[PDB]
Every structure is written in structure tokens, then in C-alpha cells.
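Chains as they are written, first to last, in UniProt numbering: chain A, 253 to 551; chain B, 253 to 551; chain C, 30 to 41, 53 to 89; chain D, 30 to 41, 53 to 89; chain E, 170 to 455; chain F, 170 to 455.
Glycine residues also receive a C-beta, built at the ideal position from the N, C-alpha and C atoms.
Worksheet: the structure to be examined is printed underneath.
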């Protein structure tokens with residue numbers, strides 16, 4: 253047959269939400285391709301109305317949920333071809349929020365996804381550019397503002413990645429990052445997206461601190477670091493420290509000036525595997541998968 | 253600290269050709285630096301006259317002779333280092349020649365190095381582009397003609413390499429290539445340069461033939477392949493098949509059907525050691541190193 | 030005038057017009073080269089049968 | 030805006057005009073922050089020792 | 170929108186790059202057109218603006234030997250210039266400009282022009298000069314093709330056409346040549362297999378004097394690439410290009426094709442065969 | 170130079186890219202000026218044409234937060250304009266357009282403009298406004314800046330300035346704040362060991378209310394980034410940016426500067442440091 257119409261692709265997604273999220277830890281791949289289709293079968297038909305807004309939105313939300321669940325359950329899902337669809341769905345949304353704005357319409361749920369958009373690339377000044385062009389009320393919504401803080405806070409004039417151009421006077425506020433992350437005001441799904449930066453944020457935190465220490469300074473107690481960079485448990489610190497060759501003393505502290513890497517990304521070495529924050533895992537268990545996904549108003 | 257004048261920069265070279273080319277199988281790294289020196293010293297002056305030409309010209313030649321020699325011995329040297337420094341004297345020789353023209357002058361050896369220039373990027377369509385822009389006497393000089401043929405003959409509509417766009421209706425005239433490499437009219441230096449393509453020329457000749465063979469065709473005799481590809485001897489051709497995973501049958505033949513790679517460059521198996529032609533080399537032996545370099549009109 | 034650069038259009053669909061020859065219209069025996077080809081195809085067939 | 034776009038210029053070496061300040065002094069006094077900051081620095085000096 | 174002279178500006182600019190001996194600087198302008206946002210506006214500018222653009226874009230491709238790539242562009246150009254409202258003596262002169270590239274682009278892709286529609290754009294001497302090359306190619310006269318390029322060399326070079334033809338015209342000319350053989354040998358004389366010795370003397374007639382064949386001794390681009398002594402190879406390419414459906418038996422010394430009276434089962438129609446191995450769509454402007 | 174209208178066309182074009190809100194497309198145009206040949210011509214076009222190119226290259230740079238890059242261009246630009254007859258609206262008013270970017274671009278690099286020379290180009294109202302921000306940044310009053318930014322939020326967003334000032338202004342303000350502390354605590358009272366507890370009290374005075382404090386319950390970009398709670402972090406970043414010369418002692422909880430009366434030795438002049446870590450080049454048009 254041809255392409256499925258609006259309301260049945262809505263109802264299709266519904267079934268996935270109401271019955272198959274609870275099985276996400278193992279093979280999201282299924283749910284992935286079946287969502288890819290819905291987002292596809294709506295562009296093929298060139299239908300950019302409420303049905304498409306809503307469905308694309310939730311697929312973004314679901315994609316977010318998957319990001320956490322795959323890391324916690326620490327089942328292997330991909331080296332994140334996940335972020336792409338998540339991205340490809342976010343630009344699709346952007347376009348739709350845009351023409352609706354042109355047609356004098358209004359989307360109830362834009363700020364949320366403008367905010368998610370702001371967090372996908374986090375160091376890309378491109379997105380700082382766009383968000384200044386948007387309407388006052390979109391710019392000033394709590395969700396967009398918070399995401400701006402996170403970008404402002406994550407910025408670091410020392411970030412080293414090939415292709416990346418370093419910029420002047422960057423905050424490198426690792427302190428207010430883990431601060432903000434624990435805020436009971438931060439939306440959960442939004443927190444999940446941000447967890448994808450725990451390592452690099454941390455690496456440049458230690459490399460920054462280590463730099464201020466004079467040579468004869470004593471090793472820094474794990475307990476200190478643990479709190480500074482809100483690690484989950486002393487086990488994660490150990491693993492962090494051997495992955496970057498930060499020699500440990502007494503299995504109890506780290507000699508920071510032994511950290512001699514310029515970039516968080518080591519030369520042809522498999523990234524330290526993605527982690528999470530207890531803080532938000534806790535939040536997840538006290539709630540329902542479906543509940544997260546139909547957050548926000550009706551289109 | 254000081255930059256020696258053109259007058260003595262020449263005779264530094266004159267000594268280098270007259271007296272140090274004999275030790276060349278090992279004195280490579282040395283003769284390299286001493287030629288880089290002369291080149292740089294020349295351009296720190298902004299001096300691009302009959303000296304800058306002559307020395308640069310001879311340095312191209314010398315570099316060519318260094319290509320052959322290092323390959324016959326297996327003094328394994330700098331992969332790339334001989335070739336691109338060959339280009340910086342070419343790209344300079346190039347725009348030097350250009351100015352001389354737009355200033356009413358002429359250089360008695362442009363044709364010769366226009367031709368070398370064509371062989372350095374044998375699949376680059378740019379050199380096909382600018383050569384059709386040069387004066388008539390240069391485009392129709394035997395040397396560039398010679399080169400244009402090689403370029404056409406080597407063209408391959410199947411040639412795969414990362415980022416390379418395949419063009420339609422290419423000759424893949426490997427048979428005519430080897431006929432030409434054996435010509436008594438082929439400038440000896442040119443031949444040395446072209447030898448850089450023996451392997452890839454061959455590989456794309458064999459994968460081409462393996463397609464014209466109907467399945468169950470009985471394996472192609474060495475005695476034949478040592479003619480279809482003008483190999484040096486029975487054992488090189490053996491080595492050849494072993495690299496690309498062909499398979500020898502009975503020590504006399506090879507089963508071209510068992511050849512299945514698209515590309516001449518295997519995934520990350522470092523390139524096959526490059527080779528030469530037994531005919532070209534002993535062409536070299538009954539002439540002198542000096543003669544090859546000092547060959548060419550004066551300025 | 031003569032160069033390859035478009036002259037200026039002045040200042041202010054029908055599709056069809058097939059401009060490519062779909063099938064040829066020449067007599068094959070009225071072309072010399074073409075008969076030398078046949079004529080020697082014969083010489084080969086006659087002999088090396 | 031479109032009023033950020035250079036106007037058409039009319040038709041038709054001197055180095056200098058140093059337009060930048062050399063240092064941070066030469067600036068307005070802001071009493072209510074500066075003496076609050078000094079106030080703080082004193083009470084700290086006066087107490088904690 | 171408020172970008173109404175963008176295309177005008179683009180062409181003006183790309184033309185300049187061509188006027189200098191350096192048109193590779195165009196791709197960066199061309200590339201600025203694949204943003205989703207602007208690709209969808211290219212169709213909103215004046216048609217004569219699109220035509221000019223497509224013309225430049227077409228010539229660009231050809232400079233990089235991307236023939237079909239170039240073709241679709243020249244095609245859209247001329248087709249659009251035909252259902253152009255006016256006819257000033259400049260518009261037709263531009264159509265002339267387009268054809269000077271469209272003719273050889275098409276030939277390489279195994280396509281030849283219906284001179285009917287083009288009569289008002291070309292001088293009969295041009296039509297004749299292409300006409301003669303048109304047949305040399307059609308009947309498989311390699312030496313004919315060479316000597317035509319040789320005549321026409323100089324102002325073919327002036328347009329960057331000398332070389333692309335010299336390399337890309339051969340294999341078409343070869344298809345035709347071998348097709349005539351195959352026809353009269355395996356459909357008319359029902360002779361399944363063709364020995365190399367056959368193609369050998371066929372190739373001698375077609376190719377003519379080679380590099381240091383007696384009389385010719387300086388290598389030249391016109392007698393240095395083609396030699397009848399290379400029977401097996403000219404077949405292998407023809408088969409790899411999908412221009413011919415056959416097989417080779419290197420030691421048996423013969424070429425085997427399918428036994429059949431229908432010629433286009435063994436020598437398929439040259440054009441579609443190329444376009445299949447080298448697809449190229451029209452709304453890519455870079 | 171030759172093809173005299175190139176630069177003219179280029180600026181014509183990029184101004185459009187900006188107008189349609191896609192300045193990131195200018196990148197491909199800029200990149201066309203780096204080939205040796207193309208680079209030479211640039212300083213041969215009309216001066217007022219060079220100037221505009223620098224003013225767009227500048228704005229472009231600032232959009233990617235390459236502040237020193239943006240600076241050298243806006244600088245060179247505005248200096249060149251000053252040898253034109255500063256007597257006609259056109260020229261006068263285009264200097265203004267440049268100052269609107271040049272002033273905050275420079276402030277970030279720790280440089281204040283000399284109001285004299287600019288009075289013909291700026292209103293008192295404008296000069297007044299920028300003078301307030303100069304105040305807070307100098308005196309190290311973070312709350313002051315956060316409120317200045319908040320007060321011209323909308324206008325700043327329009328010229329796309331808000332976000333780069335929100336982020337890159339603070340560390341200049343911090344350095345100024347911490348220098349004041351160090352001045353009267355180390356060079357006047359001879360104490361080179363700074364207890365975090367001291368600096369914490371200073372930061373609080375400077376920062377004002379933060380997110381999740383009493384009466385501050387919704388995030389803004391104005392209260393969600395700066396907390397006097399993370400003394401060590403701001404000292405660490407300053408030290409890392411080269412703005413401050415000292416050491417941190419996490420366990421002893423104190424910052425130690427060198428024992429000196431020359432404050433310049435522990436807190437170097439800011440622009441000198443920033444540009445050292447972020448070199449730029451006037452003769453780069455891309």
C-alpha cells in the first residue's frame with residue numbers, strides 16, 4: 253500500500269508507548285526502526301500538522317529515555333547512532349515549529365524541544381545563534397534558560413577535540429554543573445541528555461584543578477573528588493583514574509599532577525564507557541516510562 | 253644565520269651531483285636535507301631567476317633518481333618524504349615558469365617539468381585542466397604528449413579510493429601502459445616516476461580480467477601473467493597473489509576468480525612494498541647518475 | 030562577443057522539443073570505412089573457416 | 030536588523057587615533073560597591089587573623 | 170524573498186572565477202546551495218538565471234570529467250532556453266554557447282543530437298564539423314576520431330574539451346566497431362565465438378598507424394594510446410563498462426558471446442549502460 | 170585589482186546571507202580569499218570595500234565566539250574608515266554600525282574604548298549605556314553586569330551579542346574583582362595566603378542572589394550560573410586562563426600568590442594574556 257495517514261500513525265505510536273517501553277532494555281532496535289518509519293511516513297506525505305508535531309516530539313522523548321536506560325542497564329545498544337535520529341528528529345521539529353510560527357500558529361511544547369535542541373551539540377555556537385533569533389517568550393521560558401546555563405557552564409577554553417576551535421574566557425564551571433544536575437527543578441529527560449557529558453566535563457575539571465596545584469602538593473583524597481565531581485561511588489573514580497593514567501595512592505587518593513593528557517579523547521582508544529548519575533536513576537524508578545513520554549501538553 | 257647567494261648555491265649542488273650521488277643508496281637522508289636547504293635558501297631571498305630554476309630543476313631530477321634507487325635496494329626510507337618535496341619544487345617551478353611567460357621570457361626546460369608535473373597526480377583532473385591552457389608549443393612537446401598518454405592509459409572507471417570520484421568510459425589500457433614503459437623513446441626519469449603505479453595498475457588489470465572469465469575458467473598461467481603485467485620474475489608475481497589473497501594453483505598459475513577486493517588498497521594492511529621494472533633499471537646502469545641530472549639545456 | 034560567457038538576457053513549460061536522435065537514418069553501404077570492415081570480415085571468413 | 034547593513038559609500053596611512061584605553065583606572069567611582077568591598081575586606085582583616 | 174538578486178550575484182561571481190584560469194573556486198559557491206532552505210528557492214529565480222547557473226555548474230563538472238553530471242545540466246539548460254519567451258540575438262547566442270558543450274557531452278554518453286531544433290543556433294559549418302565526427306564514432310573509426318580531434322585540437326583546448334573527448338570518446342567508438350563485427354559474425358553468420366585474431370585485423374583497419382609503426386615515431390596523443398596489438402584488453406574494458414556482454418579465454422585466444430539473432434542482447438544500447446554505472450540527478454546543484 | 174568588482178560582489182552577497190539569517194553560509198565565500206593569488210588582490214580593492222568585508226568577517230567571527238578574531242577585523246575596519254572624509258552621513262553612520270560590535274568585542278578582551286574619538290559616531294545615550302557596563306566590569310561587580318545584560322537583553326539578542334557577553338564577560342569581571350582583593354590583601358597588608366573563606370565573602374558581595382536561593386525560585390540566565398558557593402572553581406579557571414598567577418590548596422583551603430608589591434606580577438594585564446592564548450591575524454580573510 254501507500255503511506256499510512258495521520259491518525260493511525262498516532263495510534264501506532266500509542267501502542268508502542270503503552271505496551272513496549274517496559275521492554276526497552278533489550279532490543280530497542282525494534283522500537284527504533286518502527287519509530288523511524290512514523291517520522292518517515294509523515295514526511296513522505298508532507299504532513300506537518302499537530303499529528304506530526306506530537307509524534308515527532310514523543311519520539312524525541314523516547315529517544316531520550318533510551319539514552320539513560322541503555323547506559324544504566326549497561327546493555328550495548330550502539331556507539332550511539334541513537335543521537336543522530338534524535339538529532340534528525342529535532343531539526344524536523346525545528347522546521348515545524350518555524351512554519352507554524354510563520355502561518356501565525358503556535359506550538360504548546362516548543363520551549364521544551366528548543367531546549368533539547370540546545371543540548372544536543374552543547375559546544376556548537378550555531379545553536380546559541382539561532383536561539384537569540386527566536387521570540388522573547390520562547391527565549392525566556394524556564395526550559396530554554398536552564399539549557400543556556402548548562403551550555404554556559406559547560407564551556408571550557410581548554411576543550412581539545414580535532415576540528416574544534418577553542419574560544420576565549422570560558423567558565424569551565426564544573427562546580428555549578430553537578431550543582432545544576434542535582435536540582436530537583438531540572439526536568440528528568442533533560443538531565444538524561446546531559447549525562448552524555450559526565451566524562452569530558454570531569455576530565456577537564458581534573459586537568460584544570462591539577463594545573464593550579466604546585467609540584468610538591470599532596471595527592472587529592474578520593475572523598476574530595478567524589479564530591480566535587482559527583483561520582484557515583486569510589487569504584488567509578490578508580491576506573492576513571494586508571495583510564496586516564498591518574499596514578500592512585502593507597503587506593504585512597506589521586507596524584508593529580510600525574511594526569512598528562514591534553515584531550516579527554518585519548519589517541520585511538522575506545523572511549524571510557526558512558527555513565528550516569530544516581531541522582532537521576534533514583535528519580536526514574538519513582539516514576540513511569542509512559543509518564544515521562546507523554547509529558548507536556550496536547551497538540 | 254646567513255643566506256648564501258645564488259652564485260654559490262649552485263656550486264653547492266654542483267659538488268652534490270658530481271661527488272655524492274654515488275653514495276646515494278645510503279646518503280639519502282643527507283642529500284635530502286642538503287637539497288631542502290638549497291631550495292629554502294633560494295626562496296628566503298625572493299630570488300627566482302635562472303639559478304633558482306636550474307637548481308630546482310636538477311633537484312627534481314635528483315629526487316626522481318632517488319625514487320628508483322631506494323626501491324631496488326630495500327633500504328626502506330621515507331614513505332612520503334621524497335614525493336611531496338618533489339611537489340614543492342614543482343609547484344614553485346610551475347608558478348616561476350608562469351611569471352617568466354607573463355614577463356616575456358622563456359625557460360628551455362618547461363616542457364620537461366610540465367610533463368613530470370602531470371605524472372605526480374596521475375588521476376587528478378586538474379592537471380588535465382591547466383595543461384590545456386598552456387601555450388601550443390608546450391602542449392605539443394613530445395614530453396607532455398608522452399605523459400598525457402600515460403595519464404589516459406592509466407585512467408580507470410573502476411579505480412576506488414576514499415574521496416575519489418569515478419569518471420565514465422575510461423580505457424584502463426594496462427596493456428598499452430607496459431608497451432610504453434618498454435619504449436626506447438621513454439625518458440628514463442619519467443619511467444622511474446611512473447613506476448610508483450605498477451601495483452595499482454596491475455591490480456585493476458586483474459580484477460578487470462577476473463570479470464571477463466566465466467565461472468569455472470581454469471586458472472591463468474604465470475608464464476602468461478608475467479607478460480600481461482611485465483613482471484620482473486616468477487617470484488614477484490607469486491608475492492603479488494599472496495598479498496591480495498588470490499591463491500596459486502600448482503605453482504604455475506593463479507585463480508583470478510578468488511580475487512575479491514574492490515579496492516587496490518586493502519582495509520588497513522599497509523601497502524605492498526613498491527616495485528620496479530627490470531628493463532628500466534639496466535637502462536640506468538650503462539649511463540651515469542650525474543648525466544641523468546645534468547641532462548637538459550642550460551639557463 | 031566570442032568568449033564562453035553568457036551575454037545579458039533582457040529584462041522582463054512546453055517541455056517537448058526532443059533534441060536527441062532517437063534512431064539513426066544512414067545507409068551503411070554508402071560509407072567507405074564501413075565496407076572495408078565488411079570486405080575484410082569476408083576475407084577472414086573465406087580463409088580461416 | 031536590515032539597519033546593520035552598511036549604507037552605500039560616496040565616491041572618490054594616518055595610523056594614530058589610538059581608540060583604546062591603556063589601563064582600567066580612569067573609570068567612574070562606584071562608591072556603593074567599592075566601599076562595600078573595602079568594608080568587607082577590613083572586617084575580615086580586623087577579625088580573622 | 171529579500172534575496173532576489175542572489176542568483177544574479179552568484180553567477181556574476183562564478184563567471185569571474187572562470188575568467189581567471191581558476192574555476193575550482195566555484196564549488197564553494199555551488200555548495201552553498203544544498204542547504205534545505207535554499208535548494209527550494211533555486212526554482213523561484215528567473216529562468217534565464219537558472220539556465221546560466223546550470224551552464225556554469227555543467228562546465229564545472231566537465232572540468233572534473235564528470236560527464237553525465239555535466240550532461241543533465243547542459244540538458245536542463247538548453248531545454249529551458251528553448252521554451253524561453255523571447256528571442257533576441259543574444260539569447261540564441263547563449264544557446265549556441267550551451268550547445269558547444271552539450272554536443273560533446275552527449276556523444277561521450279552515446280547520444281547524438283537531432284540537428285533540426287538546433288539549426289537556428291549553429292552555423293552549418295559547425296553542424297558539418299560535428300557531423301563528420303558523429304559518423305567516425307558511429308561506425309567505429311578510431312583513426313577518424315583521432316584525426317578529427319587533431320584538426321579541432323586547438324579551440325577544443327580553448328574550451329577544455331580536447332582531453333575529455335580524447336579519453337572518453339574511444340570506448341564508445343570501440344563499442345560500435347565491435348558491434349558491427351559481432352552483428353555480421355554471430356547474428357548473420359551465426360558464429361558463436363570470436364577469435365582474437367579476428368578482432369586483431371579489425372582493430373588494425375580502425376586504429377591505423379600506432380606510436381612507432383613505420384612512418385610515425387614521435388609519440389603523440391593521437392597515435393600513442395591505441396594499438397591493435399592489444400585485442401584482449403579493449404574487450405576487457407568494453408565488458409567491464411557493461412558495453413558488451415561477453416567472456417574471454419586468454420589461452421584459447423577467443424571471445425565468447427551468447428548465441429542469438431538479436432544484436433541488443435550482447436551489445437546493449439550504449440547510453441543507458443553508462444548512465445546506470447554513473448547515475449546523476451538533476452536537482453543537485455553542486 | 171583585476172576583476173575589479175569581485176570584492177564588491179562578495180560583500181553584496183554576504184550581506185544577503187546575513188539578511189536571510191544564514192551568516193554561516195558566508196564561510197564558503199570567505200574561504201575563497203585564501204589562495205595565494207586571491208589573497209594578494211584583497212588590499213588592492215577600494216578601501217571602503219575592504220572595510221565592509223572586514224566588518225562582515227568580523228560579525229561572522231563573533232557569531233562563532235572567536236572574539237579576538239572578530240576584534241582584529243572590527244579594529245582594522247574601524248581604523249581604515251577613519252581616514253575617509255568623516256563628514257558625510259554614509260561614512261559617519263557606517264562607523265557607528267562597526268562600533269556596535271567593536272565595543273563589546275573589545276570589552277571581552279579586556280579593553281575599553283576611548284570615548285573622545287567616537288563621540289562623532291555615538292550618541293551620549295549610547296556612550297552613557299556602554300559606560301555603565303564598563304563600570305561593573307572594572308569594579309568586578311558580577312551582579313552589576315548580569316543586570317546590565319538583562320536590561321539590554323532584547324537589543325543585544327538582535328545584534329546577536331547577548332550570549333557571548335553572558336558567557337565571556339564574567340571572567341574579566343572576576344579577575345578585576347580578585348585583583349582588588351589581592352591588591353589590598355597582599356600588596357598592602359603583605360599577606361600572600363588567601364583563605365577561600367575570605368574570597369567566598371567577596372564573591373557573595375559581588376554575585377548577589379543565585380538560583381534556588383530565597384526569593385529566586387525560577388532559573389534565569391541571570392541567576393543560574395554564578396554562585397559564591399564555588400570559590401575554588403572561579404580561582405581555578407582564572408589561574409587556567411592566565412589571568413591570575415597563583416596556586417590552589419584544596420585541603421588547606423587557600424589560594425597562595427607570590428610575595429610582591431608589584432600586583433602586575435600576580436594579576437597580569439588581561440588583554441595581553443588573552444591574546445597570547447588566542448593569537449589572531451589581520452591578514453586572514455576567512
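Exercise. Taking the alpha-carbon positions, what's the residue 362 of chain F to residue 416 of chain F distance?
Worked result: Along the sixth chain, read from residue 1 onward, the residue named residue 362 of chain F stands at position 193. Along the sixth chain, read from residue 1 onward, the residue named residue 416 of chain F stands at position 247. In a straight line, the C-alpha of residue 362 of chain F is about 10 Å away from that of residue 416 of chain F.
Exercise. Rounded to a whole number of angstroms, what is the C-alpha to C-alpha distance between residue 384 of chain A and residue 403 of chain B?
Worked result: Along the first chain, one-based indexing puts residue 384 of chain A at 132. Along the second chain, one-based indexing puts residue 403 of chain B at 151. Distance between the alpha carbons of residue 384 of chain A and residue 403 of chain B: 54 Å.
Exercise. Hey, does residue 215 of chain F have any beta-carbon neighbour from chain E nearer than 8 Å?
Worked result: Translated into the one-based positions of the sixth chain, residue 215 of chain F becomes position 46. By this cut-off, residue 215 of chain F is not an interface position.
Problem set entry | Cβ-based neighbour list, residue 438 of chain B, same chain, cut-off 8 Å, excluding 5 preceding and 5 following | Here the question's residue 438 of chain B lines up with position 186 in the second chain. Here the set comprises 398, 432.
Exercise. What distance in whole Å lies between the Cβ atoms of residue 80 of chain D and residue 370 of chain F, which are believed to be in contact at a cut-off of 8 Å?
Worked result: What you label residue 370 of chain F is simply residue 201 of the sixth chain in a count that begins at 1. What you label residue 80 of chain D is simply residue 40 of the fourth chain in a count that begins at 1. Contact holds; Cβ gap of about 6 Å.
For this session: Report the neighbours of residue 206 of chain E on chain F: residues whose CB is nearer than 9 Å to its CB, in chain order.
Result: Numbered from its first residue, the fifth chain carries residue 206 of chain E at position 37. Here the neighbours are 189, 191.
For this session: Could you name the residues of the same chain whose beta carbon sits closer than 6 Å to that of residue 238 of chain E, not counting the 5 residues immediately before and after it, in chain order?
Result: Here residue 238 of chain E refers to the residue found at position 69 of the fifth chain. 230, 449.
Exercise. So what does DSSP say about residue 298 of chain B, is it helix, strand or coil?
Worked result: Translated into the one-based positions of the second chain, residue 298 of chain B becomes position 46. In this structure, residue 298 of chain B counts as coil in the three-state DSSP scheme.
Exercise. Residue 500 of chain A to residue 330 of chain F, Cα distance in whole Å?
Worked result: Taking the first residue of the first chain as 1, we reach residue 500 of chain A at position 248. Taking the first residue of the sixth chain as 1, we reach residue 330 of chain F at position 161. The straight-line gap from Cα to Cα measures roughly 45 Å.
Exercise. Can residue 85 of chain C and residue 358 of chain E be called in contact, C-beta distance under 8 Å?
Worked result: Position 45 of the third chain, counted from the start, is the residue given in the question as residue 85 of chain C. Position 189 of the fifth chain, counted from the start, is the residue given in the question as residue 358 of chain E. Their beta carbons are under 8 Å apart, which means residue 85 of chain C touches residue 358 of chain E by this criterion.
For this session: Would you tell me roughly how many angstroms separate the C-alpha atoms of residue 368 of chain E and residue 432 of chain E, rounded to the nearest one?
Result: Working through the fifth chain from its first residue, we reach residue 368 of chain E at position 199. Working through the fifth chain from its first residue, we reach residue 432 of chain E at position 263. Looking at the two C-alpha atoms, the distance is approximately 18 Å.
Exercise. Excluding sequence positions up to five away, which residues of its chain have a Cβ less than 6 Å from the Cβ of residue 373 of chain F?
Worked result: Position 204 of the sixth chain, counted from the start, is the residue given in the question as residue 373 of chain F. So the list reads 397, once near-sequence residues are dropped.
Exercise. What residues in its chain sit with their C-beta under 6 Å from that of residue 304 of chain B, if we drop five residues either side in the sequence?
Worked result: Taking the second chain and counting its residues from 1, the one referred to as residue 304 of chain B is at position 52. For residue 304 of chain B, where only same-chain residues beyond five positions count, the Cβ hits under 6 Å are 294.
Exercise. From residue 417 of chain A to residue 456 of chain A, what distance separates their C-alpha atoms?
Worked result: Numbered from 1 along the first chain, position 165 holds the residue referred to as residue 417 of chain A. Numbered from 1 along the first chain, position 204 holds the residue referred to as residue 456 of chain A. Answer to the nearest angstrom: the Cα atoms are 16 Å apart.
Exercise. Where does the unbroken alpha helix (DSSP H) through residue 425 of chain A begin, and where does it stop?
Worked result: In the first chain, counting from the first residue as 1, residue 425 of chain A sits at position 173. Here residue 425 of chain A belongs to no alpha helix (DSSP H), and DSSP marks it neither H nor E.
Exercise. Does any C-beta atom of chain E lie closer than 8 Å to the C-beta of residue 533 of chain F?
Worked result: Here chain F comprises residues numbered 170 to 455, so residue 533 of chain F is not present and cannot be evaluated.
Problem set entry | Nonlocal neighbours in the same chain, by C-beta distance under 8 Å from residue 462 of chain A, ignoring five residues either side | Along the first chain, one-based indexing puts residue 462 of chain A at 210. Within the same chain, residue 462 of chain A has close Cβ partners 508, 509, 511.
Problem set entry | Range of the contiguous alpha helix (DSSP H) that encloses residue 258 of chain A | Here residue 258 of chain A corresponds to residue number 6 of the first chain, with the count starting at 1. Taken as a continuous stretch (DSSP letters only), the alpha helix (DSSP H) holding residue 258 of chain A covers 258 to 272.
Exercise. In terms of alpha-carbon separation, which member of A:300, A:332, A:299, A:280 lies closest to residue 314 of chain A?
Worked result: As a first step, residue 314 of chain A must be located in the first chain, where it is residue number 62. It is A:280.
For this session: Sort F:227, F:213, F:378 by Cα distance to residue 451 of chain F and report the nearest one.
Result: By 1-based counting over the sixth chain, the position of residue 451 of chain F is 282. In terms of Cα proximity to residue 451 of chain F, the closest of F:227, F:213, F:378 is F:227.
Problem set entry | Positions along the stretch 404 to 430 of chain E whose CB lies within less than 9 Å of some CB in chain B | 404, 405, 406, 408, 409, 410, 412, 415, 416, 417, 418, 419, 420, 424, 425
For this session: Quick one: give me the first and last residue of the beta strand (DSSP E) that residue 418 of chain E is part of.
Result: Your numbering for residue 418 of chain E matches position 249 in the fifth chain. Taken as a continuous stretch (DSSP letters only), the beta strand (DSSP E) holding residue 418 of chain E covers 415 to 418.
For this session: Quick one: using the 10 Å Cβ neighbour count with 16 as the cut-off for buried, is residue 71 of chain D buried or exposed?
Result: Taking the fourth chain and counting its residues from 1, the one referred to as residue 71 of chain D is at position 31. With fewer than 16 Cβ atoms within 10 Å of its Cβ, residue 71 of chain D is classed as exposed.
Exercise. Can you pull the DSSP bridge partners for residue 54 of chain D?
Worked result: For this step, residue 54 of chain D is matched to residue 14 along the fourth chain. Partner(s): none; residue 54 of chain D has no beta bridge.
Exercise. Closest to residue 554 of chain B by CA distance: which of B:409, B:400, B:310, B:332 is it?
Worked result: Beyond the ends of chain B as shown, which are 253 and 551, falls residue 554 of chain B; an answer cannot be given.
Exercise. So, do the stretch 427 to 445 of chain F and the stretch 383 to 396 of chain F have three or more beta carbon pairs nearer to each other than 8 Å?
Worked result: no
Exercise. Relative to the C-alpha of residue 262 of chain F, which residue among F:454, F:289, F:281 is closest?
Worked result: Here residue 262 of chain F is taken as the residue at index 93 of the sixth chain, counted from 1. That would be F:289, whose Cα lies nearest to the Cα of residue 262 of chain F.
Exercise. Taking Cβ-Cβ distances shorter than 8 Å, what residues in chain F pair up with residue 459 of chain E?
Worked result: What is shown of chain E runs 170 to 455, which leaves residue 459 of chain E out entirely.
Exercise. In terms of residue numbering, what span does the beta strand (DSSP E) encompassing residue 423 of chain F cover?
Worked result: Start at 1 with the first residue of the sixth chain, and residue 423 of chain F comes out as number 254. Per DSSP, residue 423 of chain F belongs to the beta strand (DSSP E) from 423 to 425.
Exercise. Okay, do the stretch 536 to 549 of chain A and the stretch 356 to 368 of chain A touch, 3+ Cβ pairs below 8 Å being the bar?
Worked result: Yes, since at least three Cβ pairs between the stretch 536 to 549 of chain A and the stretch 356 to 368 of chain A fall closer than 8 Å, the two stretches touch.
Exercise. Given that residue 455 of chain A touches chain F, what residues does it touch there, using C-beta distances under 7 Å?
Worked result: By one-based count along the first chain, residue 455 of chain A stands at place 203. None at all; the shortest Cβ gap to chain F is about 14 Å.
Exercise. For residue 260 of chain F, which residues from the same chain have a beta carbon less than 7 Å from its beta carbon, with the 5 sequence-adjacent residues on both sides left out?
Worked result: Indexing the sixth chain from 1 puts residue 260 of chain F at position 91. The answer, listed in chain order, is 250, 253, 254.
Exercise. Of the residues F:414, F:257, F:334, which one's Cα is nearest the Cα of residue 41 of chain D?
Worked result: Position 12 of the fourth chain holds residue 41 of chain D. That would be F:257, whose Cα lies nearest to the Cα of residue 41 of chain D.
Exercise. Beta-carbon of residue 71 of chain D versus every beta-carbon of chain G: anything under 8 Å?
Worked result: Any reference to chain G falls outside this structure, whose protein chains are A, B, C, D, E and F.
Problem set entry | Own chain residues within Cβ distance below 6 Å of residue 497 of chain B, not counting five before or after | The residue labelled residue 497 of chain B in the question sits at position 245 within the second chain. Within the same chain, residue 497 of chain B has no close Cβ partners at all.
Exercise. Which of the residues in the stretch 421 to 444 of chain B, read from start to end, lie with their CB under 8 Å from any CB of chain E?
Worked result: 421, 422, 423, 424, 425, 426, 427, 428, 431, 432, 435, 437
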